[PDB]
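Structure record follows, encoded as structure tokens.
2 protein chains.
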Amino acid sequence: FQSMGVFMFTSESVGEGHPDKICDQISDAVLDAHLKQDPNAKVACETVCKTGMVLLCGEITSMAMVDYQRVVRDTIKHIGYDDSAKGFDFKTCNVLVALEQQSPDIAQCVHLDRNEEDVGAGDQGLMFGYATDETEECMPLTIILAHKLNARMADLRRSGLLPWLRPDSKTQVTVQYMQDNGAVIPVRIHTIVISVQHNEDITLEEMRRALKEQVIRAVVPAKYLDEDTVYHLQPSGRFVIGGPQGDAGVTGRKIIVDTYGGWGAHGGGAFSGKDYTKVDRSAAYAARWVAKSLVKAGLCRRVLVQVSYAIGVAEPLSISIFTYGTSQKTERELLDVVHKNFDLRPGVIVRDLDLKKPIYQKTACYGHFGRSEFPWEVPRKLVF
Amino acid sequence: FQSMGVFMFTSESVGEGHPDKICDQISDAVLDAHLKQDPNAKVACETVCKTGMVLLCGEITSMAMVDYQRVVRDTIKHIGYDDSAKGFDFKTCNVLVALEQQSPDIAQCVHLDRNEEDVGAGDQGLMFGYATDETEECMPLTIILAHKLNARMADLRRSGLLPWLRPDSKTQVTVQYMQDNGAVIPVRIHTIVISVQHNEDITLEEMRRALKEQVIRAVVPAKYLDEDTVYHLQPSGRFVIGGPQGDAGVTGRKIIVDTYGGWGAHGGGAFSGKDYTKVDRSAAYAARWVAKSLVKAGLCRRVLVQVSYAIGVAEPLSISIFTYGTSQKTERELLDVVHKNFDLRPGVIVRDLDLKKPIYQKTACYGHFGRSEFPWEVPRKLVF
Ligand SMILES: C[S@@+](CC[C@H](N)C(=O)[O-])C[C@H]1O[C@@H](n2cnc3c(N)ncnc32)[C@H](O)[C@@H]1O
Ligand SMILES: C[S@@+](CC[C@H](N)C(=O)[O-])C[C@H]1O[C@@H](n2cnc3c(N)ncnc32)[C@H](O)[C@@H]1O
Ligand code: NA
Ligand code: NA
Ligand code: NA
Ligand code: NA
């Protein structure tokens, strides 16, 4: 039918040892370490990585006494970089620290002498939330599948089923969709790409078989895979050099992997290494929570929420709701529903979503959205 | 009318001295320096900045002999950081260099022994292009206005009309729109935010007046400003500490400022510091060129183009065209038009858009899209 308007859409994800993701995990491990001692820590920790080097850079004002060497090295250990053969080793890498206090000019307008409920936005910016009824967790299939493919390789690396696997990995999933009055419905997998760092002992043919049979067929529902699905498995033919040795990594360079995989929209701000006063994080989280709550209320099938802030001002400047033609109520009526049911000041968001809890390292690989353990993934019951 | 579905939409931009943008400009100045000597330079230059420090990090394989100290210091000079009073000085800062050759495992699959036309994609990834008929340059008004507000402050800083202005600035523009069968039409400016670093001699009241009268009223068409427009001008009340001293900066952390300001979509990849073999850049540029050419052909009013790649493979894995209900031809018919009129292999894109030319530092502030001098902004005449 013409109404089905068949289309392709692609998303990617990366694994725990991808150098950009190493940085996000380290930045969030530093955040967590601070929050365990000082729940009101002001943290803006950037991490940069390259061969043999982790650099911490940014601004922290906190009463915590944090051993940055240990936090960094424990994180790299967890990811799996523990020997020179792998290109990176937690035991023997350089950890360099260039951390200062938060600017007093920022402190004075954001939080100094303020009541927590009316804490100012930590910066200006725009943030989006997105939800789709296409999966139970209200996320695009493309991004969820991409994440799970990386998680599966990590699981098989750690169990020793595929002991040639190294931590740096990338995946990409192209799904063929149909549409239904603005809603989207996955039909089949059009193309899958997987690139993963590996040892020098395993053959290409063996790696390719394992990637199809033990990774892809374990993760992707069988109904979506068919004879015409295209597989680009270890397309480079060789990925021995990997991690920070293959590619310099930086915090906040996987913004789209972290969120919706190309769906919805993004305001530009990174999540990792930032406490709740940074609306780049807290408001993006709340926006996701709003979007998901609207879908789970049965008020729409798909929705994009935009919010924005000025530095030092608690109240959002603007909130906008876009439902892709999938709501019976108007977008203006839904904005009234959101105003009646949510308070998107960061000092209220912190309460609703428990954002001083040291769970941030868990968010920094495999996506900040879609996973059931995070508070912004528990829909709020709406009155309307 | 119900059809007009009035809504708010917000975009931001930043100035030349914003620390993230300093990094993009430096990464692209390094790229340009290489290309002037070696048109086929392989460059993946990340820059990090913080108080007193510029760190270059990443991978370069090139026959060029580049003086990184001079390239960095000239760039910081140009931006305007030339004295300790400003928080940063090109003469006296630290420049640290951690640059290695490109991974041979990447080299061997991307370009080694290949014919230029069939050069492989430098990585996997997804990229979007976007165009809208709402302005002549086919860009959202929100983002164009945000860019111009920063450019205006830079102009007045350099001319000495407003000599208290320093290089680090941020702007944010919320426009009230109506819609027309999927197209969008700006009606009025709802909210403007401007924060700009300044000296210790100027009063807040004087800065606020100058920002409204000499910056905003000079840039925003008078018809869009009215008595109810909200102005958040120097909302922090004090922005003396700025640049890398106020906030650590990193290359590729202004991805949304660089592109469409929240409109369209983003695939996640940074532009700055990368040669054309990196499809994060070349394919995003070509995607913009495709989108703009479709609007300028009169085939749609608004359009989003997605393309994607696997590392080492020249041909895009998938191309998708979304017209928001604004095309008479189907999205499938338009994809046929795009296939007949464009070749989105990076080794053809490089030819069409002249991507070995050292013009990249010019792209690294004020947006990569919308400005008439870049080849991807000259629409291609379509046969259909
Ligand atoms: C291809 S590298 C990006 C470009 C790189 N900076 C360069 O110098 O060309 C980006 C990501 O791809 C993955 N990668 C690194 N080496 C690879 C290889 N040999 N084959 C496939 N993927 C690789 C890693 O996850 C890495 O972080
Ligand atoms: C507010 S800082 C980001 C948060 C920061 N890392 C912190 O520690 O809280 C982000 C950007 O806002 C701008 N900025 C820095 N100081 C500011 C101030 N005092 N008032 C308004 N904007 C400022 C700069 O352009 C800076 O790069
Ligand atoms: Na896992
Ligand atoms: Na073999
Ligand atoms: Na200018
Ligand atoms: Na005064």
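First to last, the sequence lines map onto chains A and A'. A prime marks a further copy of an entry chain.
Read in order, the letters of the first sequence correspond to residues -3 to 0, 16 to 395 in the entry's author numbering.
Read in order, the letters of the second sequence correspond to residues -3 to 0, 16 to 395 in the entry's author numbering.
C-beta atoms are modelled at their ideal positions from N, C-alpha and C, and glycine is treated no differently.
Shortest Cα-Cα distance from A':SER331 to any of A':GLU342, A':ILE200, A':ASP39 and A':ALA325 involves A':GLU342. Residue selection by CB proximity (closer than 6 Å to any heavy atom of ligand 3) returns A:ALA162, A:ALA165 and A:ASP166 in chain order.
For ligand 6, the residues with a Cβ under 7 Å from any of its heavy atoms are, in chain order, A':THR214, A':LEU215 and A':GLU216. Taking 4 residues as the minimum length, the alpha helix (DSSP H) runs contained wholly in the segment 149 to 191 of chain A' are 152 to 170, in order along the chain. In summary, the residues of the segment 19 to 34 of chain A whose CB is separated from some CB of chain A' by less than 9 Å are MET19, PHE20, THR21, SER22 and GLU23, in the order they occur in the chain. Taking one beta carbon from each stretch, the segment 131 to 143 of chain A' and the segment 306 to 326 of chain A' have 3 or more pairs nearer than 8 Å; the two touch. At a beta-carbon threshold of 7 Å, the residues of chain A lying near A':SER329 are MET19, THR21, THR185, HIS201 and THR202, ordered along the chain. For A:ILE330, the enclosing beta strand (DSSP E) stretches over residues 329 to 333. Membership of A':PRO357 in the alpha helix (DSSP H) is indicated by the continuous run 357 to 363. For A:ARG264, the neighbours in chain A' by C-beta distance under 7 Å run, in chain order, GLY263 and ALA281. Within the chosen limit of 7 Å, ligand 1 does not reach the beta carbon of A:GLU23 with any heavy atom.
Between A:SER24 and A:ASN161, the C-beta gap is smaller than 8 Å, which places the two residues in contact. Under DSSP, A:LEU137 shares a beta bridge with A:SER319. Distance from the Cα of A':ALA298 is smallest, within the candidate group A':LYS285, A':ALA259, A':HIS379 and A':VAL241, for A':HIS379.
The Cβ-Cβ distance between A':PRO386 and A':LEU364 falls below 8 Å. For A:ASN105, the enclosing beta strand (DSSP E) covers residues 105 to 111.
Here A':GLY193 is exposed: its Cβ has fewer than 16 other Cβ atoms, across all protein chains shown, within 10 Å.
DSSP, read as helix, strand or coil, puts A':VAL314 in strand.
Using a Cβ-Cβ distance cut-off of 8 Å, the segment 28 to 42 of chain A and the segment 258 to 269 of chain A are in contact, since at least three pairs of beta carbons, one from each stretch, lie closer than that value. By the C-beta density criterion, A:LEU152 is buried, having at least 16 other C-beta atoms within 10 angstroms. A contact between stretches requires three or more CB pairs, one per stretch, nearer than 8 Å, and the segment 218 to 225 of chain A' fails this requirement with the segment 52 to 64 of chain A'. Contact note: A':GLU111 reaches chain A through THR62, using a C-beta cutoff of 7 Å and chain order. Among the CB atoms of chain A', none fall inside 8 Å of the CB of A:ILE90.
Checking the DSSP bridge columns, you'll see A':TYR242 partnered with A':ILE203. Interface annotation for the segment 269 to 297 of chain A against chain A': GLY273, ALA276, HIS277, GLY278, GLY279 and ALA281, criterion Cβ-Cβ distance under 7 Å. Just so you know, the alpha carbons of A':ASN105 and A':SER22 end up roughly 34 Å apart. The alpha-carbon of A':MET76 is positioned some 39 Å away from that of A':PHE250. Residues of chain A' with a Cβ closer than 9 Å to the Cβ of A:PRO197 do not exist, since the nearest Cβ in that chain sits about 14 Å away.
Apart from sequence neighbours up to five positions away, the residues of its chain that approach A:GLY336 with a beta-carbon distance below 7 Å are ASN192 and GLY193, ordered along the chain.
Secondary structure at A:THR214: coil, using DSSP grouped into helix, strand and coil. Sequence-ordered contacts of the segment 233 to 250 of chain A' with chain A read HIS243, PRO246, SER247, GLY248, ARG249 and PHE250 [C-beta pairs closer than 7 Å]. Set against 7 Å, the gap from the CB of A':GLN113 to the closest heavy atom of ligand 1 is smaller. Membership of A:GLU342 in the alpha helix (DSSP H) is indicated by the continuous run 342 to 352. Residues of chain A whose Cβ lies closer than 9 Å to the Cβ of A':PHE139 are, in chain order, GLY273.
Shortest gap from the CB of A':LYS53 to any heavy atom of ligand 1: under 7 Å.
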